[PDB]
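In: Here come the first chain(s), positioned as in the complex:
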Amino acid sequence: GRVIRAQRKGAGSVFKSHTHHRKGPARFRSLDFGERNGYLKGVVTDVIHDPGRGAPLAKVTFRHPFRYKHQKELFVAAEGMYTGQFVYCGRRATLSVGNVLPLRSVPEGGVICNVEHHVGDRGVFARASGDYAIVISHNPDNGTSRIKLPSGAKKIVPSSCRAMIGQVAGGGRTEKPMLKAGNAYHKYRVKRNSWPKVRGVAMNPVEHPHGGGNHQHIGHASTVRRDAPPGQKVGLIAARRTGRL
Amino acid sequence: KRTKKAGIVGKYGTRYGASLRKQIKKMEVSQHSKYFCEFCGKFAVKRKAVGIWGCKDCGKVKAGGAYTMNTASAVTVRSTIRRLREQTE
Amino acid sequence: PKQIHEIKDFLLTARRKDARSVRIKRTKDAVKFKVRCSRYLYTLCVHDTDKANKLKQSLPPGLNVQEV
């Protein structure tokens, strides 16, 4: 046969992400002494749109801790943030929406977003629009914290990891029906070369395991081993169950 | 007048199915509505992009919902964060 | 090109060292005095017949004078 479409994406030739009009990585400011021990005030100057990202980003300006310079940051905006608003980052920052705090400073039940996995990660969890993590419990002995991720999984994180207070802005985006192939075309035009998908049963056997036949049918179970080689691993991969419950 | 039930959704003609048009109607209305600006006190907040809500006159720009200025959970989150902040003291 | 309004300022410009020539152009209305300097050509419009003559006689003797 020939190389299937699932395999060709790893070469990254025509399958690289479309990033020409993106505003830069969204993440916390690098962890430093002022954040580790006190608070630092920045001001929100813009709430802007990032192509390919559902959530709006917030442009924030700080004063550099030891250089006579401005420090401009850009992270995911929590819902309710606005221009001309003072945000505070650090150990002594108040529990308010838009502030960046260590998890040790957030009590049980707090709603947080852009949560670090390692201390100084600048935010790894709950970054998509409308998503958030929940603080479940605190362990002072190990100095770890238990959070609940948007997928439902529990996760143990160091209590020094930073998160922003609130949920990500732009929620409710996927409740609206797209209604048109053209609306889907514009969505993926600024993301990746992935949108119009051809069914494997609509192919020839040279191109896909599902291809061929005098009727469009898979002809073997669509559930496939976790250890199948690339080119063979198509369909439902390592499925514990199928069907609609 | 001009329509008995379609409203804003009449731009779609006969296409996409009646249930889908009725589904999109509430978000089409809400995303094109004018919202109250708490900062200046006027109904001048308009959606600039998904999640972005800017007041026309005072110029404030606010991060909000995709198709409505304030989502329901946003109010609930603010109350939970406020109660946690007070009880923290 | 630039215009000169008062007669005296034309007199000093025609006395400039970099001034090369003066052209006198006669129209049905007035008489134009144009002095070619290094960067600009300066034009002065004299609406009076005798003031044109007095200007003609009072020009610097070192400057070339041409009739157009």
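Out: Nice, I can see it. Numbers count the residues shown, from 1 in each chain, chains lettered A, B, ... in the order given.
In: For residue 23, which non-adjacent residue is closest in space?
Out: Because you didn't say which chain, this covers chain A. Using C-beta to C-beta, 6 or more residues apart in numbering or on different chains and skipping residues adjacent in sequence, the residue nearest residue A:23 is residue A:50, 5.1 Å away. From N, CA and C alone the C-beta is placed, and that goes for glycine too.
In: meant chain C actually
Out: When the adjacent residues along the chain are set aside, residue C:23 lies closest to residue C:34, with 4.5 Å between them (C-beta to C-beta, 6+ apart).
In: Around the closest residue to chain A within chain B, how many other residues sit close by?
Out: The shortest separation between chain B and chain A is 3.1 Å, found at residue B:51 (distances taken as C-beta to the nearest C-beta). Counted with other C-beta atoms under 10 Å in any protein chain shown, the burial measure for residue B:51 works out to 30 neighbours.
In: Tell me who's in contact with it.
Out: Taking C-beta atoms under 8 Å, 6 or more residues apart in numbering or on different chains as the contact definition, residue B:51 lies against A:49, A:54-56, A:77, A:129, A:169-170, A:173, B:63-66.
In: Most neighbours among the residues you listed, please name it.
Out: residue A:77 (33 neighbours).
In: put chain D on too:
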Amino acid sequence: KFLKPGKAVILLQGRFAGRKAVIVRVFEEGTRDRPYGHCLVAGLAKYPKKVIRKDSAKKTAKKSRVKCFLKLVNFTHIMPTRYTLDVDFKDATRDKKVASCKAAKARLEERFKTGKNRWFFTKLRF
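Out: Placing chain D onto the earlier chains gives this:
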């Protein structure tokens, strides 16, 4: 009642925006030329510079100099402060105006050397 001669103000608009001035005369009702309330002020066009011990004697004499401007200002272009500077001023032509400016410069330079009114001579940062 707080816009009286001797009271310190800040100019908000114009060529001297952000400069500190002292009121000299108040036309609360306004003249016929100026219907609005307005006052004559004497302000600092150039603040005396930072004077430190390490400096030499000639240099610190140069840093203590001030320039003064006289201006009629609408009340709405003035930010009234709580401070007070009294130097007994009690005040048309381009020659009378500049001469009166030089007199106020001598009085204000002398007040600055006294050490008082440190806020008045220390600029504003915006």
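In: Measure how buried residue D:126 is and give me the count.
Out: Residue D:126 is flanked by 5 other residues according to other C-beta under 10 Å.
In: Spell out the residue ranges of the helices in chain A.
Out: Here chain A has its helices, by DSSP state H, at A:5-8, A:33-37, A:181-189.
In: got JSON lines for the ones you listed, with mean neighbour count and distance to residue D:106 too?
Out: Output for those, formatted as JSON lines (neighbours: other C-beta atoms under 10 Å in any protein chain shown; distance: least, C-beta to C-beta, whole Å):
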{"stretch": "helix A:5-8", "mean neighbour count": "14", "distance to residue D:106": "86"}
{"stretch": "helix A:33-37", "mean neighbour count": "15", "distance to residue D:106": "49"}
{"stretch": "helix A:181-189", "mean neighbour count": "12", "distance to residue D:106": "74"}
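In: So for residue A:94, which of these sits nearest?
Out: Comparing the helices of chain A against residue A:94 with C-beta to C-beta, the closest turns out to be helix A:33-37 (14.1 Å).
In: for residue D:77, phi and psi?
Out: Backbone torsions of residue D:77, given as degrees, to the nearest 10, read phi -100, psi 20.
In: Let's add chain E too:
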Amino acid sequence: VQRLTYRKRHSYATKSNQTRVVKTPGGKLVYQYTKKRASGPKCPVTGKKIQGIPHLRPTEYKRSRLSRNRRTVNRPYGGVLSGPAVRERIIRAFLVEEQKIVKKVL
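Out: Following on from the chains above, chain E is added here:
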């Protein structure tokens, strides 16, 4: 009706190739190439136009090419901030500074 041609070897109607029609003393029509429309100075805190300065291409503001009065405004933050922005900063600078003293006393 005296149709026209381009006068240089640019053959595409780009924004940098915009022309105008003029009548010459020779009694004919020729193309003259114009300059692209440019924004003037803008205020960063209000977004409004900066008064007193013309709207030119950036290199037409060069000192050898433009007079100084045209380039500047006589006020602090002259061509950078508008009058309303400067008034707000002066008032904010003074009022917050007074609050710092009151915080110290109390």
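In: ok chain E is in now, so what about the neighbour count of residue D:126?
Out: 18.
In: Quickly find the element holding the closest residue to it other than its chain neighbours.
Out: Nearest non-adjacent residue to residue D:126, counting by C-beta to C-beta, 6+ apart: residue E:93, 3.7 Å away. Assignment of secondary structure by DSSP states H and E places residue E:93 within helix E:83-105.
In: For that helix, name the packing helices and strands.
Out: Helix E:83-105 makes packing contacts with strand D:78-84 when contacts are defined by 3 or more C-beta pairs under 8 Å, 6 or more residues apart in numbering or on different chains; DSSP states H and E.
In: what comes up buried for the next helix or strand after the strand it packs on?
Out: Taking DSSP H and E as the definition, the helix or strand that follows strand D:78-84 towards the C-terminus is helix D:94-114. By neighbour count with 16 or more other C-beta atoms under 10 Å in any protein chain shown, helix D:94-114 contains the buried residues D:100, D:104-105, D:108-109, D:111-112.
In: So which elements touch helix D:94-114?
Out: Other elements packing on helix D:94-114 under the criterion 3+ C-beta pairs under 8 Å, 6+ apart are strand D:38-46, strand D:67-74.
In: quick revisit: between the buried residues of helix D:94-114, which is nearest chain A?
Out: Distance from chain A was checked for each of these by C-beta to the nearest C-beta. The minimum falls on residue D:112, at 28.8 Å.
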